[PDB]
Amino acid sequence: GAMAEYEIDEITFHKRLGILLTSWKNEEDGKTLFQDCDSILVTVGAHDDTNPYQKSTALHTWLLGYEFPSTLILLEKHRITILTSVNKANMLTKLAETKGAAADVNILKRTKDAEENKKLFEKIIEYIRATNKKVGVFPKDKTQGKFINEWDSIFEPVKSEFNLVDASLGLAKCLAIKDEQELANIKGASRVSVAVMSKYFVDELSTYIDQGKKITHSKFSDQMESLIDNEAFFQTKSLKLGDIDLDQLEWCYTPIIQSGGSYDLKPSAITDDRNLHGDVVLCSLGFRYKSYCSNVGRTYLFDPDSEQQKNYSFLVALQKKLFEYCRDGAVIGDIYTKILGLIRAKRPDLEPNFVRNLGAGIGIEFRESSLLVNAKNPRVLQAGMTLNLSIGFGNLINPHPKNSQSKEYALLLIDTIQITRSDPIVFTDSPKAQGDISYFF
């Protein structure tokens, strides 16, 4: 359709490229994170709306501001080669002539000339051959289409000449520490998420329950999702989102709504087609702003019994401790174990119900898996990291279920936080006390 407004900042491009190369040149990192590669080969095929979070895409977004479909990048220690359509290369040519360049910028331009196009691919092979033949890749990434099939026809027959190694962790290290702009983006996204949860979802939810509305979870979810199409909604002075560029706003995923005895605390949960029940309701939702993700999740209780309120209040208290533990220098695995330790000390009865991880890092990727908050993770938190923290209890048993009543429930809290040297900043903070989220008919 229409011509978009692409802001590709030269300075940011070279700053970030320099960060990557600096890590790569580090004796230690170069060996362990980059696995001794002399080049890094990244491809992107056909754009896929339903697959936004791959490392290859993230690299584009981080360096350029946007995914470039049907493009190949070959990183070398002081060069970046970008092989893309001549029509896309128009947006890139300014990078080649930037003052404080972090590397040579080598733009190879595809045209209608099929033979010349083939030669461009052949140049990439030539470059790799002139190296130690160790090539860093993102092995998980899924791609398809005409561009990729062309490349495959050229690369696959010669691939055995090369040692392909996983350079994922090398990029992960660089993405992990958010700069001022990136933190601003995540904070913006977070603000939208909390506004929608607090100022739309809760109002709708409590009304539906009070009025005995018949509505499926997926129908409620779709309703809430459609809100992104309503610019007037975001512009309501109450929401205090006046500064947000709505054109750069997207959903991270389809909001997850659960009730009526069927729960799933995994981020992979899909809203079902069951009728909304006024018992224990979980909702998770998150916006993406300028390609940076956020996430928020809450529990709502309707005519809860004393045990449900007690357990929920315990969750809130544990989450407070989790925040306190999440600071610069903290070993990730230690954080999980400390939280487990609080459970075992104070509510050992709840151990079997406890989540196995407490979330992960968040940014351009919805999930930065290297920062997964479980017991095993040896990595250390650093100021500037951002975490999508999730804590909960599942398969909690109701002592006196009514004929018409759920046998089990779950409890959940999710917030997006920025790591500092002290207490973290909770971007998605909103009142979460039992009294604030409990409703009595």
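Heads up: residue numbers just count along the shown sequence, starting at 1.
As recorded in the PDB entry, 397-405 is the stretch of 59-67 and 397-405 with the greater mean C-alpha temperature factor. Stretches 336-344 and 230-238 differ in mean CA B factor, with 230-238 having the higher one.
In the PDB entry, a CA B factor belonging to the lowest third of its chain's modelled residues is recorded for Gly260. Among all modelled residues in this chain, the alpha-carbon of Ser218 has a temperature factor (C-alpha) in the middle third. Per-chain ranking of the deposited C-alpha B factor places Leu41 in the middle third.
Per the PDB record, residue ranking by Cα B-factor puts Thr271 in the highest third of the chain. Residue-level temperature factors show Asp141 in the highest third of its chain, judged at the C-alpha atom.
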